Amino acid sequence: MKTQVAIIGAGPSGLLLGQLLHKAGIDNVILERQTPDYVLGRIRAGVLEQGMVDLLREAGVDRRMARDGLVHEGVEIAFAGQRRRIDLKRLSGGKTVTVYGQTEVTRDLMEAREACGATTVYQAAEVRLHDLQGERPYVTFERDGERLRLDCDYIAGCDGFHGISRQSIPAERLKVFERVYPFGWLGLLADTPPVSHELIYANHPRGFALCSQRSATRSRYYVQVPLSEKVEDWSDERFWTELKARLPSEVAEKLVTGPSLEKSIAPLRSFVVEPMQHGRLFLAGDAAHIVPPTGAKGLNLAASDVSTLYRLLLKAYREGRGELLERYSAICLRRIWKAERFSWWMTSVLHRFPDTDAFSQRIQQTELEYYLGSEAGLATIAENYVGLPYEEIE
């Protein structure tokens, strides 16, 4: 079996890269461990930066998003009784963010890939990577007991945090940066009207709470929860009572609750590897870095990594400028570190940490008061929230 670009993983990263490449005439094959049904069962993210919205349009997979996605011009932050709205549009110079679920984006891409007939192998077991520094790297995998080999020019590791691609680079070539937080988020998807037209991040003494949405009739809520909690200890009833306790009264009063469609606990973490490539292997998305979901940068960093990789592969194939691929990491990392700093900052001011002394609590409260009450403070949040500009390469 032979292709130009082998893509490990059929999540947002792999599918988006694959569609962009296909549309440009660059053959690519995607290998996925799971079934399409399993991939479609993941709920996850719901906020898209303008940059990712444009990338989807460029990949020609935006009809459903332009119809069902909700454009948001502001977000609210609630702390100490008050609610402060950050006008993203005004403060960022006119940029907005789009709420359209990660599940929906994935379904749209899977649908577009099937229609075009590009190759996708689901249930590709025991995927292994070889000859990464050769002129001809290859991938071996198993489809129903028999071991097959796939030859290619390049390999894009879009296999997420637990993927095989990052594990295939000699550990000595990689520098890891990581921070584990002492809490996770318990999320709940409900077929109920959202409590607000815009998102609400809430810093409350009992912990963080977030009111989000997927459409006019589907809501998504999250509450900060200790690492020790098991999802089976949280009945729907317990969740609503707790969400309500963390929100301002005028918001909790008008909350329409209902049974959960999905409920899960995701732990918070920061992780970056440098470089993000080795020979003919390039990491993209969760395979290369993780951010706590507080700034909604996860799916968005995957998109920029992909936008950068795709434009560099295009130069390599169409223009014969294969040497530009050496710049991938440098380019991606500048954006990744700023998104990591923003996500770290949002996380530290909105959540309640266990070992907190009095001085730090007061500093946390003051950060909010300063950033939310100063025009310059609001602009730092806003420009970071809509997404800093993608670099153009060279």
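All residue numbers refer to positions in the sequence shown, first residue = 1.
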| item | value |
| --- | --- |
| Comparing 226-234 with 254-262, the one whose average Cα B-factor in the PDB entry is higher | 226-234 |
| Higher-scoring stretch by recorded Cα B factor average, 287-295 or 163-171 | 163-171 |
| Per the PDB entry, maximal CA B factor within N300, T119, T106, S196 | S196 |
| C-alpha B-factor winner, where the candidates are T98, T308, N203, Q82 | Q82 |
| Chain thirds of CA B-factor: placement of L132 | highest |
| Ranked against its chain, the third holding the CA B-factor of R64 | highest |
| Chain third (lowest, middle, highest) by recorded CA B-factor, residue given as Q50 | middle |
| Chain thirds of CA B-factor: placement of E274 | middle |
| CA B-factor ranking of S215, expressed as a third of its chain | middle |
